[PDB]
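One chain comes next, on its own, written out as structure tokens in the form deposited in one PDB entry.
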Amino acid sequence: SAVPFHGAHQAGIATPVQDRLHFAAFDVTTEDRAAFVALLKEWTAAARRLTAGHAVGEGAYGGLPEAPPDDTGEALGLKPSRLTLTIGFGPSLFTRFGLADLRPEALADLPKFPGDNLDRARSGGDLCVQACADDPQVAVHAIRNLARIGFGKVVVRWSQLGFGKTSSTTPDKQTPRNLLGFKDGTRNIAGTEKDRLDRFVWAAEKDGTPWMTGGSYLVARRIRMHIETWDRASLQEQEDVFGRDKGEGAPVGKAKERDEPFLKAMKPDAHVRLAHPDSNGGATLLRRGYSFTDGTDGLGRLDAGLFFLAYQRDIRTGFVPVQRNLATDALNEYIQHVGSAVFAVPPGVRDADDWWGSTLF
């Protein structure tokens, strides 16, 4: 029903993946360090209430008639819904408050990549809040109300709703399918592998930035799918793109989805073969992305795709090498990166006295 908010790491990275996503990036409007820290403390107090399913402050109602309610109220009567709130700090934050020398070296700016068509307005951001929950209205309410508490100190830069499986009807032991119809998530880091989390995901003290110990680095890519084109490709082109069959998700030449792949039996530019850690010196990622469908553009086409999210111990040794290796991906015919951002995700809130970003400020 609820995920614990306190811990060594922030929840919502290695904790079980919830049904829905509302991702928002904020820009900071204050120059005042104190004002900003005060906001971080207020945000943490509100996150505590929200993740336990209570209203922020003095509730959505029953207060002074002459005052606006503390909480906007649209979550009353709903359950915590495994809601998690994960905050991240973007590179541009460290140009404020005199933090320029505390920017972690692992929070590297992404290269320009072949094919990039990055929409400036839907990229970047001084900080982000990732709201995950099984009920989309719980997630929205959270973002809605943090934006409200921050008004005059932050604004919403861009926002993205997303969805994965629906846990009210499908088994937790069944891989969800992306909007291209293929199983997505088969060969991923799972939250149970604390050994691979420690090696590939969490910032370690001796990494170079002590305030980030227990943190992680997040890469967000908004990836449009050319759906009508994909849907016109033969079943064989589709399976050739990935190196797995569509019905079962088995690596080509194999029988069950979870059979370990034989890379030489795949086409040289098949996605799985180019993404595999064996093709990238061991580089391994934790994918935690969500599908999106926003509507339709002015040409009739479905404005849909994958809001790709990756956690990694170092952006330099995680996302950049693998993405670089996709230069020739057969899938590139069918997708387009149109938004991008990177964030440093601080360690967890240890107890009821701690706050978001305490190690940095």
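Residues that one form lacks are left out of the comparison. From 1 onward, residues are counted along the sequence shown. Each form is matched to the other, and the largest set of C-alpha atoms that superpose within 1.5 Å is called the rigid core.
The deposited model assigns a higher average Cα B-factor to 251-259 than to the other stretch when 212-220 and 251-259 are compared. As recorded in the PDB entry, 161-169 is the stretch of 222-230 and 161-169 with the greater mean C-alpha temperature factor. Per the PDB entry, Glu193 shows the highest C-alpha temperature factor of the residues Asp126, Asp135, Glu193, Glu74. The entry lists C-alpha B-factors for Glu42, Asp294, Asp329, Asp297, and the highest of these is at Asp297.
The PDB entry assigns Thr86 a C-alpha temperature factor belonging to the lowest third of its chain's modelled residues. When the modelled residues of the chain are ordered by their C-alpha B factor, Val342 lands in the lowest third.
Remark: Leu274 belongs to the lowest third of its chain, ranked by C-alpha B-factor as recorded. Among the modelled residues of the chain, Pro176 sits in the highest third by CA temperature factor in this PDB entry.
In the PDB entry, a CA B factor belonging to the middle third of its chain's modelled residues is recorded for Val28.
This next part talks about the form deposited in another entry, which is not shown.
Residue showing a CA shift of 2 Å or more between this form and the one not shown (rigid core superposed; candidates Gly152, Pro111, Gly247, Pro171): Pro171. In comparison with the shown form, the Cα-Cα distance of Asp172 and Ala139 increases by at least 3 angstroms in the other form.
In the other form, the CA atoms of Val345 and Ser167 draw together by 3 angstroms or more relative to this form.
In sequence order, there is only one run of at least 3 consecutive residues whose Cα atoms each shift by 2 Å or more between this form and the one not shown, relative to the superposed core, and it is 163-172.
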